[PDB]
Amino acid sequence: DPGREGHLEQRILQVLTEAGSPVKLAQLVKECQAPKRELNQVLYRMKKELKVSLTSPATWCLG
Amino acid sequence: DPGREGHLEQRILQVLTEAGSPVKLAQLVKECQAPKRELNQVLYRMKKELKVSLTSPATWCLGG
DNA sequence: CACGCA
RNA sequence: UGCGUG
Ligand SMILES: [Mg+2]
Ligand SMILES: [Mg+2]
Ligand SMILES: [Mg+2]
Ligand SMILES: [Mg+2]
Ligand SMILES: [Mg+2]
Ligand SMILES: [Mg+2]
């Protein structure tokens with residue numbers, strides 16, 4: 001669902017931008033009110049686009 | 001489902017015993033005619049039980 | 001692409 | 001428990 005996926009990417013970027021430091025998936029699932037698998041589908045697509053990076057397992061930062 | 005799981009463990013053991021060597025999961029899925037996920041739930045339980053060993057990624061041998 | 005994960 | 005896997 002692209003409209004949902006767009007909202008998810010929006011929020012991920014907002015939260016990573018406001019954090020200025022690595023953020024765990026556990027926080028992201030709470031911030032996006034979304035199942036972990038749906039967030040991870042978006043995160044790893046953004047990872048291939050070089051928008052976010054994995055600093056450590058299930059921990060994300062702004063690319 | 002314990003009846004299904006029992007038969008699946010039976011078939012896994014038959015395949016690994018007859019091979020005399022490590023068997024890939026892809027083989028086991030064809031031999032058992034079961035989805036990969038349900039084979040893996042049984043295989044990793046049998047590994048904890050020391051009935052089979054994981055000799056390399058997704059490759060299985062009889063015995064602990 | 002290994003993945004079994006409840 | 002990292003899991004995204006189509
Ligand atoms: Mg909107
Ligand atoms: Mg029977
Ligand atoms: Mg790998
Ligand atoms: Mg379990
Ligand atoms: Mg691990
Ligand atoms: Mg893909």
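Cut-offs applied
Residues numbered from 1 in each chain as written, not as in the entry; some residues may be left out. Chains lettered and ligands numbered in written order. Heavy atoms only, no water. Helix = DSSP H or I, 4+ residues; strand = E, 2+ residues; numbered from the N terminus. Contact = heavy atoms within 4.5 Å. Near = heavy atom within 4 Å. Polar contact = N/O pair within 3.5 Å; in protein donor to acceptor, adjacent residues only side chain to side chain. Nonpolar A, V, L, I, M, F, W, Y, C, P; charged D, E, K, R; others polar. Buried < 20%, exposed > 50% of the residue type's maximum accessible area, 1.4 Å probe, protein only. Salt bridge = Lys/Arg side-chain N within 4 Å of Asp/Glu carboxyl O. Pairing = 2+ DSSP bridges.

Looking at the method and resolution fields of the entry, one finds X-ray crystallography and 1.58 Å.

Draft legend 1. Spatial organisation of the environment of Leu 28 of chain B. Residue and element names in this part refer to chain B. Inspection of the secondary structure puts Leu 28 in helix α2 (residues 25–32). Sequence spacing of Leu 28 and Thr 59 is 31 residues, and the spatial spacing of their C-alpha atoms is 9.5 Å. If sequence neighbours within four positions are ignored, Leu 28 has contacts with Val 15, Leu 16, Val 23, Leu 39, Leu 43 and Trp 60.

Draft legend 2. Up close: the protein's contact with RNA strand D. All names here are of chain A. Neighbouring residues of RNA strand D: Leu 25, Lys 36, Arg 37, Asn 40, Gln 41, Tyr 44, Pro 57 and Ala 58. Taking the atoms of RNA strand D that fall within 4 Å of the protein, sugar and phosphate contribute 92% of them. Here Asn 40 contributes a side-chain N or O atom positioned 3.0 Å from a phosphate oxygen of RNA strand D. One nitrogen or oxygen atom from the side chain of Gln 41 is found 2.8 Å from a phosphate oxygen belonging to RNA strand D. Here the surface near RNA strand D gets five residues from one element, more than from any other, and that element is helix α3 (residues 36–48). Of the residues in the surface near RNA strand D, the class split is four nonpolar, two polar and two charged.

Draft legend 3. Main features of the environment of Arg 11 of chain B. All names here are of chain B. Among the secondary structure elements, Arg 11 is positioned in helix α1 (residues 2–19). Note on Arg 11: relative accessible area 39%, which makes it partly exposed. With 23 residues separating them along the chain, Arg 11 and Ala 34 place their C-alpha atoms 11 Å apart.

Draft legend 4. Looking closely at the pattern of salt bridges. Taken as a whole, this structure holds ten salt bridges over all chains when the rule is applied. A salt bridge links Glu 38 of chain B to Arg 4 of chain B, with the nearest nitrogen and oxygen atoms 2.9 Å apart. In this pair, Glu 38 of chain B sits in helix α3 (residues 36–48) while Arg 4 of chain B sits in helix α1, placing the two residues 34 residues apart along the sequence. With a closest N to O distance of 3.1 Å, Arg 45 of chain B and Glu 49 of chain B form a salt bridge. On the basis of relative accessible area, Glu 49 of chain B is assigned to the partly exposed category, the value being 39%. Ionic contacts of the salt-bridge type, sharing partners, join the residues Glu 9, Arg 45, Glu 49 and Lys 51 of chain A into one network.

Draft legend 5. Seen up close, the sheet that holds strand β1 (residues 23–24) of chain A. All names here are of chain A. Overall, antiparallel pairing links the three strands, which are arranged β1-β3-β2 in an open sheet. A single partner strand is all that each edge strand has here, and the edge strands are β1 and β2 (52–56). With two bridges connecting them, β1 and strand β3 (residues 59–62) associate as antiparallel partners. Looking at β3, one finds that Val 23 is bridged to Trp 60.

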